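To start, the structure under review is shown below, and the notes come after it.
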Amino acid sequence: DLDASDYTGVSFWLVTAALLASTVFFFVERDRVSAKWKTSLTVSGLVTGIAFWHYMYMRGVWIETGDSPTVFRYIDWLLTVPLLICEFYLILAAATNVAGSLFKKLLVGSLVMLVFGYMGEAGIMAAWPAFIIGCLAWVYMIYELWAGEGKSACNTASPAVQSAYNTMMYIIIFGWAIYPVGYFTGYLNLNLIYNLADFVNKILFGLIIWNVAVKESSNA
Amino acid sequence: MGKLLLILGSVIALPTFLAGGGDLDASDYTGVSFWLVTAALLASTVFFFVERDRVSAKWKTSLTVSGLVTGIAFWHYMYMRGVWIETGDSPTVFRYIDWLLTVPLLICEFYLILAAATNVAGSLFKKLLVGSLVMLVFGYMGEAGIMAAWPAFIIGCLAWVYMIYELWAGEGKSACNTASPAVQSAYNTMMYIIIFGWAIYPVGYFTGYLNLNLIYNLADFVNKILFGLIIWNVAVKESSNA
Amino acid sequence: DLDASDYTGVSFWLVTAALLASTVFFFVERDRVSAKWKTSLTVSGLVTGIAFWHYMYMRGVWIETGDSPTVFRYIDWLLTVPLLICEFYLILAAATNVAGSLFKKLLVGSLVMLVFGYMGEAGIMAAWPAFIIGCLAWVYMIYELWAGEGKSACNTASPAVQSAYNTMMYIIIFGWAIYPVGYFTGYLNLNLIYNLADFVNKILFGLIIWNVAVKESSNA
Amino acid sequence: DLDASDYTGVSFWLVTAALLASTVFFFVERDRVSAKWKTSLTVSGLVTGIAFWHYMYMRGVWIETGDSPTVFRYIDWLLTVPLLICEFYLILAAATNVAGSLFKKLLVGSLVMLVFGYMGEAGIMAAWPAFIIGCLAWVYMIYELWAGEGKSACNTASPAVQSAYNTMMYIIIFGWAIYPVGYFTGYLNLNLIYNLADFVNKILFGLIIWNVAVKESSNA
Amino acid sequence: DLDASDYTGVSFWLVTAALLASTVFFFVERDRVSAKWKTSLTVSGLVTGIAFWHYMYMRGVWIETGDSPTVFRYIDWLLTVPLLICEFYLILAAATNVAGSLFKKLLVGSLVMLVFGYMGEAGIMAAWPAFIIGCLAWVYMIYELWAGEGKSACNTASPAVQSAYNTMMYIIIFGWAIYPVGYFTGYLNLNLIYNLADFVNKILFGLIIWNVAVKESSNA
Amino acid sequence: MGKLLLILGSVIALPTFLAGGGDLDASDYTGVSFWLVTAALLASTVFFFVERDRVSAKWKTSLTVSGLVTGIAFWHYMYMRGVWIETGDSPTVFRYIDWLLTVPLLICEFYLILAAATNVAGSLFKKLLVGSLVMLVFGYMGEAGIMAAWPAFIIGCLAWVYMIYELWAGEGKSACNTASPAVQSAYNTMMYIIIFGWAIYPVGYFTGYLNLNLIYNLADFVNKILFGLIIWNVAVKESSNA
Ligand SMILES: *C/C=C(C)/C=C/C=C(C)/C=C/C1=C(C)CCCC1(C)C
Ligand SMILES: *C/C=C(C)/C=C/C=C(C)/C=C/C1=C(C)CCCC1(C)C
Ligand SMILES: *C/C=C(C)/C=C/C=C(C)/C=C/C1=C(C)CCCC1(C)C
Ligand SMILES: *C/C=C(C)/C=C/C=C(C)/C=C/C1=C(C)CCCC1(C)C
Ligand SMILES: *C/C=C(C)/C=C/C=C(C)/C=C/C1=C(C)CCCC1(C)C
Ligand SMILES: *C/C=C(C)/C=C/C=C(C)/C=C/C1=C(C)CCCC1(C)C
């Protein structure tokens with residue numbers, strides 16, 4: 001690529017290599033954890049692998065044409081956000097008892113939010129109603145994960161699990177807020193911001209989950 | 001492990017064969033749905049072939065069968081995507097091949113769980129398989145134009161309702177009576193999936209005889225990933241006791 | 001492949017996909033079975049894998065030329081029938097003690113029968129003597145596994161192994177009879193029948209072996 | 001390929017598929033045997049894999065030109081015969097005590113025999129002296145494996161090991177005799193004979209070794 | 001590549017092959033170490049693998065154009081320095097208890113230092129302020145791992161872990177100093193020095209970590 | 001295992017990349033030797049990476065190091081075969097790269113076995129490594145034409161004799177004094193290999209300064225496969241005790 005002229009290709013290569021490394025990382029570290037946490041690593045590994053695959057496709061499209069195919073980004077979000085938000089249910093199940101409806105509501109909210117976001121970007125619906133519905137679904141998920149069943153499950157957990165849950169909640173609140181900001185900016189230079197946001201929300205989340213899994217399983 | 005790293009590298013290099021099929025954005029929902037479903041099916045295949053570590057020896061089959069389902073789906077979906085790129089027409093033949101090679105395994109999942117959790121004669125699996133084969137044969141005859149749309153659709157709906165009744169008040173209820181609560185909940189969820197999840201197919205079919213590919217994609221997504229996830233959940237919940 | 005015009009391509013695709021699925025199934029399910037029956041599954045997996053390989057080659061030939069490449073079919077039979085017929089010896093060794101001459105005589109009979117069938121197909125010898133020799137070898141193997149050493153070994157076995165042996169004997173008697181029937185029909189519309197017969201004799205056989213292996217091993 | 005017109009391509013495909021199947025077979029069956037016999041299977045798997053690789057290369061050369069590149073055959077023999085003849089030392093070590101010089105003498109004799117055979121075929125030396133030296137090395141190996149240190153090691157062994165050793169000795173005496181016969185015939189229609197001889201001496205040998213390994217390790 | 005004309009290609013080939021060998025070595029040697037140290041080897045293997053990937057890309061660029069693609073070098077540094085510097089946190093966690101802020105501050109310092117180095121290289125900001133900021137971050141990390149939290153954690157550790165920590169600290173102080181020296185030389189014949197430095201800092205570091213991990217685990 | 005069968009299939013499909021380099025029969029002994037050595041090195045790499053199951057935790061390193069030796073040799077041999085096919089000239093640079101990346105591991109095998117079997121300071125490994133590096137540098141200078149053939153050859157022979165003496169009556173003898181008889185026999189065999197097996201290189205080198213590629217191929221074959229087999233034999237003999 002070019003040198004000191006473009007920051008898009010550098011970000012693409014950096015994120016692709018990081019995602020491949022994290023995928024290998026998480027598919028190899030499944031040997032350390034116990035039987036309970038051999039899923040909280042597999043799901044994160046799948047998240048990073050799917051993100052890496054779609055990043056390779058986006059890099060190919062960028063080489064073919066110098067534009068931003070946000071449809072690929074929405075495909076990647078639609079197959080990663082459900083798993084990332086399910087990670088909460090997975091760690092709560094591997095750490096304590098969960099009724100099961102938390103996963104259902106989590107998944108439904110995430111699917112509705114993305115579908116509406118994709119429809120708003122593609123122009124099927126007006127931008128404002130789609131943005132409002134997506135924000136409402138996001139706030140509903142935050143409320144469920146902050147003061148609803150998620151908080152109740154987090155109350156009965158070991159201190160390491162509680163700290164990891166708080167870190168993941170902060171990540172959801174702050175790092176995930178970049179994408180709606182970019183959506184509002186585009187409906188009223190972004191590829192690099194999305195790359196960095198995916199880097200954070202796809203590597204730090206998995207590393208937090210791996211840390212808590214190793215710290216819990218080490219007991220034995 | 002370094003040998004396991006070879007497996008990881010092979011899994012990573014498999015998408016490279018798929019150079020990419022994208023062509024238009026925000027114009028056609030078929031190609032987007034095809035890629036979404038293909039990637040989700042590959043991810044679920046890897047998930048189910050990896051999560052066999054947790055389950056005990058009794059439930060190491062209930063994951064492999066679902067992994068096979070998703071893998072066969074993924075294979076036939078690539079084929080379908082290739083055909084669609086070559087020609088923008090309905091790949092009915094490939095869809096019915098995929099259904100014929102996947103519905104038997106999905107309906108055999110019932111027998112597998114009812115045998116690994118309790119004792120069952122298994123005649124429910126045989127009769128449901130026969131009903132599903134009849135429904136699939138009638139659907140292909142209708143799609144091929146041999147029979148009219150309305151009679152074939154009515155016969156398929158009647159066969160599907162039969163299968164639902166067999167799953168609700170047939171031998172399935174008796175088998176579910178002597179089982180753990182987790183297996184009962186899994187059976188109820190799978191019965192609800194049969195009632196509603198499979199019901200996406202005929203309604204979408206009625207859409208095509210009165211677009212269809214998107215509905216079929218979404219229906220395959222649901223009834224091949226949610227089913228496997230429910231089976232995995234019940235298998236893990238049962239095997240953890242060990 | 002043509003759609004709604006010929007069932008040969010549909011049968012080819014169906015039995016290719018089913019054979020690949022059965023290969024993966026049999027090479028993955030070796031974990032459940034004990035150390036005794038880790039061979040009764042590997043050989044079945046090899047049978048299905050070789051069938052899938054030769055089926056891909058036959059599909060390529062059919063696409064290249066629309067005829068009947070029976071040479072590849074006889075190669076597939078020559079490399080799959082010995083393993084399917086040695087499955088009897090394998091399950092008998094895993095269930096009881098067998099001298100070993102049963103496998104030798106089975107292999108010799110199966111190889112002689114196929115070679116004679118191939119020679120009859122190719123026209124090296126007269127069709128009727130080759131057909132008679134093949135039928136005689138088939139009946140000799142049936143007698144050996146019905147009233148000879150195979151039956152004697154089956155007498156001293158667990159009920160599950162005996163039931164599997166009876167089911168496999170019934171499959172050998174009935175399903176395998178399609179191929180000599182096709183040979184007689186062609187030496188006195190077929191590829192579909194052969195495909196279905198391969199599906200049956202290469203998947204149901206392996207599934208019976210897997211079922212009996214799992215039933216035997218799990219007990220412990 | 002052609003149908004009922006050539007028997008070379010059929011033999012090539014048959015042997016290649018059989019060698020690939022046997023390679024997979026032996027690399028998978030290492031899980032059944034104990035720690036002692038996890039080498040007697042690896043070496044046979046390597047033999048079949050190398051033979052399969054060189055058979056693929058020979059098939060490619062045959063497609064390129066319809067002739068017999070015996071240099072490839074001698075390369076395959078030079079990297080398979082040492083391992084096959086070492087299999088004796090490996091099973092004797094895994095079954096009883098071996099001094100170690102048996103391997104040395106075995107390997108030296110096999111290397112000398114092939115090198116002289118290759119030189120005679122390539123015309124570096126006269127055919128008769130090379131044939132005489134190769135036959136002398138072969139007879140020396142047979143004597144060592146029949147009445148020398150090999151027989152002494154076979155005397156102190158379990159009956160299964162003794163039977164396997166006798167079977168391997170008979171294979172060495174009879175099946176390996178095909179190659180010098182073909183060499184004499186060509187230095188005074190052969191590719192098919194060499195294919196079949198490799199089939200036997202590369203599959204039956206490994207199957208005998210696997211049989212004795214499984215029968216020994218089953219004890220535990 | 002030219003022979004006896006330029007040492008850049010020789011260095012590229014040497015450090016590519018060595019990095020691949022070290023990657024395989026570190027991903028294979030995870031079997032020996034216990035469950036505590038199955039992470040240090042994994043991270044070292046990831047470091048070497050990413051280095052090998054970016055080295056292959058840099059070799060391709062060099063063949064395509066005979067210049068210095070320092071952008072790829074800084075991508076490699078940005079994706080490898082955080083892991084090498086978190087190896088300290090990993091070994092400290094595997095040997096004793098660490099709060100976790102050490103890894104956070106290490107990562108922040110390393111990322112800030114490179115980003116500033118990349119900006120100085122690209123000319124986004126003035127070279128001297130970026131060099132000063134990078135040196136300040138480097139000295140801050142050295143102080144943290146020499147007299148701060150890292151030293152305090154190293155005080156309560158086994159003698160082997162303390163010796164490994166001292167060796168790694170010496171490597172950080174000495175071998176890593178090549179890169180700022182090269183930057184000063186170029187901002188006030190190099191690729192060979194950088195290659196050798198990468199060889200050292202990416203192989204000797206991992207070998208020290210592997211040695212201490214094996215020494216700790218085998219005890220048990 | 002099916003996942004293991006993926007590794008087996010990858011190993012089987014690796015030779016497919018190598019389409020084939022054969023050109024002439026009974027005319028040149030270089031290409032034949034190249035193919036023989038490449039295939040033997042790949043086989044030994046697979047053998048040493050598979051046989052780690054038998055050896056105990058102490059000797060699971062003495063096999064991995066030899067496997068990498070053979071793997072690096074195989075990689076550089078392919079490169080050398082490609083260069084030779086492109087141009088029929090001596091690949092001196094690749095040979096010295098391979099030597100520089102393999103001789104250190106082969107000489108480190110001594111330290112590895114003397115540490116996994118008994119206690120040794122390890123200065124013998126360091127001094128032998130320094131001597132080998134000096135010998136390789138002198139050989140590279142002689143081959144590049146910087147120095148004359150006779151002085152470089154004499155210096156290399158003197159360094160090699162030094163290394164032999166260090167292996168005979170240096171720290172190696174003291175380390176071998178306190179060891180099991182199997183380790184002593186392995187050390188004697190490796191010392192004999194150093195004395196005679198490596199001696200193929202200088203004499204063949206003297207052949208090139210007074211073909212060479214065939215001698216170097218055979219020498220690499222011996223000193224990289226027999227060495228690994230001796231290490232594997234001693235490792236298995238020691239670890240079986242468990
Ligand atoms: C790896 C990718 C991740 C974690 C993506 C997350 C994306 C979101 C949270 C997107 C949210 C949106 C809204 C809340 C409303 C407007 C539309 C979206 C899709 C931009
Ligand atoms: C993986 C694919 C699956 C589970 C496909 C399921 C398909 C059906 C349940 C189709 C049903 C139909 C009827 C009930 C009647 C009308 C015709 C069909 C074939 C569309
Ligand atoms: C997977 C393929 C299988 C099980 C093939 C089986 C084939 C036979 C049993 C063929 C039998 C024949 C005779 C009994 C006589 C006439 C010639 C044959 C080869 C058609
Ligand atoms: C898989 C290949 C095998 C077992 C090849 C074996 C080859 C021989 C035993 C060849 C022997 C020869 C002589 C005894 C003398 C004349 C020359 C040879 C090479 C043909
Ligand atoms: C494998 C690569 C490694 C270990 C790279 C290390 C790089 C550095 C320590 C770079 C340091 C720099 C400074 C301390 C200041 C000036 C800018 C840099 C990036 C050259
Ligand atoms: C895998 C490669 C190996 C073990 C290479 C070994 C090479 C040598 C021992 C080379 C030795 C030389 C001398 C002793 C003096 C003359 C020059 C050399 C480099 C040919």
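Residue numbers start at 1 in each chain; chains themselves are named A, B, ... in the order of the structure tokens; ligands are numbered from 1 in the order shown.
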
Kindly work out which residues sit at most 6 Å from ligand 4, using only C-alpha atoms and all ligand atoms, and give the list as an MDAnalysis selection string. chainID D and resid 77 80:81 114 117 131 134:135 138 176 179:180 183 198 201:202

Please, could you write that set of residues out with N, CA and C atoms as a PDB file, in the first residue's frame?
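This went into selection-v7.pdb:
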```pdb
ATOM      1  N   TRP D  77      11.219 -47.023  -4.240  1.00  0.00           N
ATOM      2  CA  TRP D  77      11.782 -48.186  -3.566  1.00  0.00           C
ATOM      3  C   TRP D  77      12.853 -47.773  -2.567  1.00  0.00           C
ATOM      4  N   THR D  80      11.085 -46.488   0.475  1.00  0.00           N
ATOM      5  CA  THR D  80      10.160 -47.371   1.178  1.00  0.00           C
ATOM      6  C   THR D  80      10.792 -48.652   1.699  1.00  0.00           C
ATOM      7  N   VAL D  81      11.672 -49.292   0.923  1.00  0.00           N
ATOM      8  CA  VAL D  81      12.263 -50.559   1.360  1.00  0.00           C
ATOM      9  C   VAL D  81      13.003 -50.431   2.683  1.00  0.00           C
ATOM     10  N   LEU D 114      19.423 -51.677  -3.382  1.00  0.00           N
ATOM     11  CA  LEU D 114      18.738 -50.778  -4.293  1.00  0.00           C
ATOM     12  C   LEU D 114      19.782 -49.998  -5.085  1.00  0.00           C
ATOM     13  N   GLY D 117      20.836 -51.893  -7.861  1.00  0.00           N
ATOM     14  CA  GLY D 117      19.763 -52.064  -8.827  1.00  0.00           C
ATOM     15  C   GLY D 117      19.531 -50.822  -9.665  1.00  0.00           C
ATOM     16  N   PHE D 131      22.882 -57.056 -10.876  1.00  0.00           N
ATOM     17  CA  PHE D 131      21.881 -58.045 -10.490  1.00  0.00           C
ATOM     18  C   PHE D 131      22.447 -59.029  -9.476  1.00  0.00           C
ATOM     19  N   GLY D 134      22.754 -57.245  -6.086  1.00  0.00           N
ATOM     20  CA  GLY D 134      21.439 -57.086  -5.487  1.00  0.00           C
ATOM     21  C   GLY D 134      20.886 -58.388  -4.940  1.00  0.00           C
ATOM     22  N   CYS D 135      21.035 -59.477  -5.698  1.00  0.00           N
ATOM     23  CA  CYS D 135      20.574 -60.776  -5.219  1.00  0.00           C
ATOM     24  C   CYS D 135      21.358 -61.221  -3.992  1.00  0.00           C
ATOM     25  N   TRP D 138      20.017 -59.273  -1.062  1.00  0.00           N
ATOM     26  CA  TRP D 138      18.701 -59.791  -0.706  1.00  0.00           C
ATOM     27  C   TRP D 138      18.812 -61.111   0.050  1.00  0.00           C
ATOM     28  N   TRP D 176       8.317 -59.999  -2.565  1.00  0.00           N
ATOM     29  CA  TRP D 176       9.422 -59.158  -3.010  1.00  0.00           C
ATOM     30  C   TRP D 176      10.195 -59.773  -4.167  1.00  0.00           C
ATOM     31  N   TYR D 179      10.015 -58.184  -8.120  1.00  0.00           N
ATOM     32  CA  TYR D 179      10.834 -57.110  -8.679  1.00  0.00           C
ATOM     33  C   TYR D 179      12.107 -57.611  -9.352  1.00  0.00           C
ATOM     34  N   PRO D 180      12.917 -58.490  -8.748  1.00  0.00           N
ATOM     35  CA  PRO D 180      14.063 -59.030  -9.498  1.00  0.00           C
ATOM     36  C   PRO D 180      13.656 -59.818 -10.730  1.00  0.00           C
ATOM     37  N   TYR D 183      13.127 -57.240 -13.295  1.00  0.00           N
ATOM     38  CA  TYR D 183      14.424 -56.699 -13.690  1.00  0.00           C
ATOM     39  C   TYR D 183      15.136 -57.636 -14.658  1.00  0.00           C
ATOM     40  N   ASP D 198       3.406 -53.806  -5.464  1.00  0.00           N
ATOM     41  CA  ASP D 198       3.434 -52.741  -4.467  1.00  0.00           C
ATOM     42  C   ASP D 198       2.178 -52.762  -3.610  1.00  0.00           C
ATOM     43  N   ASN D 201       2.845 -55.823  -1.154  1.00  0.00           N
ATOM     44  CA  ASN D 201       3.941 -55.524  -0.217  1.00  0.00           C
ATOM     45  C   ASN D 201       3.864 -54.231   0.548  1.00  0.00           C
ATOM     46  N   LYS D 202       2.842 -53.414   0.290  1.00  0.00           N
ATOM     47  CA  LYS D 202       2.684 -52.124   0.975  1.00  0.00           C
ATOM     48  C   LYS D 202       1.381 -52.051   1.789  1.00  0.00           C
TER      49      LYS D 202
END
```

If we count only C-alpha atoms and set the cut-off at 7 Å, which residues sit around range 39-56 of chain F, ignoring sequence neighbours fewer than 6 positions away in its own chain? Please answer as a short mmCIF file (atom, residue, chain, number, x, y, z; two decimals) with N, CA, C and O atoms, in the first residue's frame.
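Saved to out03.cif:
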```
data_model
loop_
_atom_site.label_atom_id
_atom_site.label_comp_id
_atom_site.auth_asym_id
_atom_site.auth_seq_id
_atom_site.Cartn_x
_atom_site.Cartn_y
_atom_site.Cartn_z
N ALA D 35 1.70 -47.89 23.94
CA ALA D 35 2.86 -47.04 23.67
C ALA D 35 3.92 -47.76 22.86
O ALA D 35 4.65 -47.12 22.09
N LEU D 46 3.84 -43.96 6.97
CA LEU D 46 4.79 -43.19 6.17
C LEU D 46 5.13 -43.92 4.88
O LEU D 46 5.27 -43.30 3.82
N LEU D 79 13.04 -45.10 -0.85
CA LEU D 79 12.53 -44.52 0.40
C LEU D 79 11.45 -45.36 1.06
O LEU D 79 10.92 -44.98 2.09
N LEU F 63 12.68 -34.40 20.33
CA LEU F 63 12.09 -34.78 19.06
C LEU F 63 11.63 -33.56 18.27
O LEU F 63 11.77 -33.53 17.04
N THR F 64 11.08 -32.55 18.95
CA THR F 64 10.59 -31.36 18.25
C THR F 64 11.73 -30.61 17.58
O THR F 64 11.57 -30.10 16.46
N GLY F 67 12.67 -32.47 14.49
CA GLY F 67 11.63 -32.24 13.50
C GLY F 67 11.75 -30.88 12.85
O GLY F 67 11.56 -30.75 11.64
N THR F 70 14.66 -31.00 10.32
CA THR F 70 14.27 -31.62 9.06
C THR F 70 13.29 -30.75 8.29
O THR F 70 13.34 -30.69 7.06
N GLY F 71 12.40 -30.04 8.99
CA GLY F 71 11.46 -29.17 8.30
C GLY F 71 12.13 -27.98 7.63
O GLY F 71 11.80 -27.63 6.50
N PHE F 74 13.86 -29.25 4.65
CA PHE F 74 12.90 -29.51 3.58
C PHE F 74 12.49 -28.22 2.87
O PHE F 74 12.40 -28.17 1.64
N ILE F 225 18.92 -37.18 9.21
CA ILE F 225 17.96 -38.24 9.49
C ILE F 225 18.51 -39.25 10.49
O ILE F 225 17.81 -39.65 11.42
N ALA F 235 15.58 -41.46 23.22
CA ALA F 235 14.44 -40.90 23.94
C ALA F 235 13.40 -41.97 24.26
O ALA F 235 12.89 -42.03 25.38
N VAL F 236 13.08 -42.82 23.29
CA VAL F 236 12.11 -43.88 23.52
C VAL F 236 12.65 -44.88 24.54
O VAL F 236 11.92 -45.32 25.44
N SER F 239 12.38 -43.13 27.98
CA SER F 239 11.04 -42.84 28.45
C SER F 239 10.16 -44.05 28.65
O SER F 239 9.10 -43.93 29.24
#
```

Counting only C-alpha atoms, which residues from chain E have an atom at most 8 Å from any atom of chain A, and could you show them as a ChimeraX atom specification? /E:35-36,38-39,42-43,46,50,69,71,75,79,122-123

Please produce a file of the residues just selected, as a short mmCIF file (atom, residue, chain, number, x, y, z; two decimals), in the first residue's frame, where the atoms kept are C-alpha atoms.
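Dumped to again.cif:
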```
data_model
loop_
_atom_site.label_atom_id
_atom_site.label_comp_id
_atom_site.auth_asym_id
_atom_site.auth_seq_id
_atom_site.Cartn_x
_atom_site.Cartn_y
_atom_site.Cartn_z
CA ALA E 35 -1.83 -25.30 32.65
CA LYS E 36 -0.47 -22.10 34.21
CA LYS E 38 0.14 -22.69 28.49
CA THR E 39 -0.45 -18.97 27.82
CA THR E 42 0.86 -19.27 23.05
CA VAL E 43 1.56 -15.53 23.13
CA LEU E 46 1.56 -15.52 18.18
CA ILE E 50 2.65 -12.26 13.21
CA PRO E 69 8.47 -0.03 3.43
CA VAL E 71 4.90 1.30 7.22
CA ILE E 75 2.45 -2.31 11.65
CA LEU E 79 1.05 -5.73 16.66
CA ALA E 122 5.41 9.63 8.60
CA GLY E 123 6.09 13.31 9.29
#
```

Each residue of chain B with at least one atom at most 9 Å from ligand 2 should appear once, together with its nearest atom pair and the corresponding distance in Å (one decimal); atoms considered: only C-alpha atoms and all ligand atoms; ordering: chain, then increasing residue number; output as CSV.
```
residue,atom,partner,partner_atom_place_in_ligand_line,distance
B:69,CA,ligand 2,1 (C),7.7
B:70,CA,ligand 2,1 (C),8.3
B:73,CA,ligand 2,1 (C),6.8
B:95,CA,ligand 2,2 (C),8.1
B:96,CA,ligand 2,19 (C),8.3
B:98,CA,ligand 2,1 (C),6.8
B:99,CA,ligand 2,2 (C),4.8
B:100,CA,ligand 2,2 (C),8.3
B:101,CA,ligand 2,1 (C),8.6
B:102,CA,ligand 2,1 (C),5.7
B:103,CA,ligand 2,4 (C),5.5
B:106,CA,ligand 2,4 (C),7.4
B:132,CA,ligand 2,9 (C),7.8
B:135,CA,ligand 2,19 (C),6.1
B:136,CA,ligand 2,19 (C),5.3
B:137,CA,ligand 2,19 (C),8.0
B:138,CA,ligand 2,19 (C),7.0
B:139,CA,ligand 2,19 (C),4.1
B:140,CA,ligand 2,19 (C),6.9
B:142,CA,ligand 2,17 (C),7.8
B:143,CA,ligand 2,17 (C),8.5
B:149,CA,ligand 2,16 (C),8.8
B:152,CA,ligand 2,16 (C),6.8
B:153,CA,ligand 2,16 (C),4.3
B:154,CA,ligand 2,15 (C),6.9
B:155,CA,ligand 2,15 (C),7.1
B:156,CA,ligand 2,15 (C),3.8
B:157,CA,ligand 2,14 (C),4.5
B:158,CA,ligand 2,14 (C),7.7
B:159,CA,ligand 2,14 (C),7.2
B:160,CA,ligand 2,14 (C),5.2
B:161,CA,ligand 2,14 (C),8.2
B:194,CA,ligand 2,9 (C),8.1
B:197,CA,ligand 2,9 (C),8.3
B:198,CA,ligand 2,9 (C),4.6
B:199,CA,ligand 2,9 (C),6.6
B:200,CA,ligand 2,9 (C),7.8
B:201,CA,ligand 2,20 (C),4.9
B:202,CA,ligand 2,20 (C),4.3
B:203,CA,ligand 2,20 (C),7.7
B:204,CA,ligand 2,20 (C),7.4
B:205,CA,ligand 2,20 (C),5.0
B:206,CA,ligand 2,16 (C),7.6
B:216,CA,ligand 2,5 (C),8.1
B:219,CA,ligand 2,3 (C),7.3
B:220,CA,ligand 2,1 (C),4.9
B:221,CA,ligand 2,1 (C),8.0
B:222,CA,ligand 2,4 (C),8.8
B:223,CA,ligand 2,4 (C),5.6
B:224,CA,ligand 2,1 (C),5.8
```

Store the residues picked out above, limited to C-alpha atoms, as a CSV table (one decimal), in the first residue's frame.
```
chain,number,residue,atom,x,y,z
B,69,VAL,CA,-27.0,-30.7,9.2
B,70,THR,CA,-25.5,-27.3,9.2
B,73,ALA,CA,-26.8,-26.8,4.5
B,95,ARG,CA,-33.3,-26.6,-2.2
B,96,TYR,CA,-35.2,-29.9,-2.3
B,98,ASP,CA,-30.8,-30.0,0.8
B,99,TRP,CA,-34.2,-30.6,2.4
B,100,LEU,CA,-34.2,-34.3,1.6
B,101,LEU,CA,-30.7,-34.7,3.1
B,102,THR,CA,-31.3,-32.5,6.2
B,103,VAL,CA,-34.9,-32.9,7.3
B,106,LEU,CA,-33.4,-32.9,12.1
B,132,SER,CA,-41.7,-35.5,6.1
B,135,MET,CA,-44.4,-33.7,2.3
B,136,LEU,CA,-41.1,-33.1,0.5
B,137,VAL,CA,-42.2,-35.3,-2.4
B,138,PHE,CA,-45.4,-33.4,-2.8
B,139,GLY,CA,-43.6,-30.1,-2.6
B,140,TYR,CA,-41.2,-30.9,-5.3
B,142,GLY,CA,-45.8,-28.9,-7.0
B,143,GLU,CA,-42.6,-26.9,-7.7
B,149,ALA,CA,-50.1,-25.3,-6.6
B,152,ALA,CA,-50.0,-29.9,-3.5
B,153,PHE,CA,-49.9,-27.1,-0.9
B,154,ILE,CA,-53.0,-28.5,0.8
B,155,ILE,CA,-51.6,-32.0,0.9
B,156,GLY,CA,-48.3,-30.7,2.3
B,157,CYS,CA,-50.1,-28.6,4.9
B,158,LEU,CA,-52.2,-31.6,5.9
B,159,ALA,CA,-49.1,-33.8,6.2
B,160,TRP,CA,-47.3,-31.1,8.3
B,161,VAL,CA,-50.3,-30.8,10.6
B,194,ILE,CA,-41.9,-27.5,14.4
B,197,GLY,CA,-40.4,-22.3,12.7
B,198,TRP,CA,-41.3,-24.7,9.9
B,199,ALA,CA,-44.5,-22.8,9.2
B,200,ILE,CA,-42.4,-20.1,7.6
B,201,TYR,CA,-41.9,-22.5,4.6
B,202,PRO,CA,-45.5,-23.0,3.5
B,203,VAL,CA,-46.5,-19.3,3.9
B,204,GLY,CA,-43.5,-18.3,1.9
B,205,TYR,CA,-44.4,-21.0,-0.5
B,206,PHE,CA,-47.9,-19.5,-0.7
B,216,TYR,CA,-36.4,-19.7,2.6
B,219,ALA,CA,-36.4,-20.1,7.6
B,220,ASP,CA,-33.3,-22.3,7.1
B,221,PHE,CA,-31.3,-20.0,9.4
B,222,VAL,CA,-33.8,-20.3,12.2
B,223,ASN,CA,-34.7,-24.0,11.9
B,224,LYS,CA,-31.2,-25.2,11.5
```

Interface, chain F side, toward chain B (12 Å; only C-alpha atoms) as a PyMOL selection string: chain F and resi 1-11+13+46+49-50+52+64

CA of residue 146 in chain C to CA of residue 73 in chain C: how many Å, to one decimal?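 Those two atoms sit 27.6 Å apart.
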
Surrounding residues of residue 189 in chain F excluding itself and chain neighbours under 5 positions, 12 Å, only C-alpha atoms, as a VMD selection string: chain F and resid 110 167 to 168 182 to 184 194 to 197 223 226 to 231 233 to 234
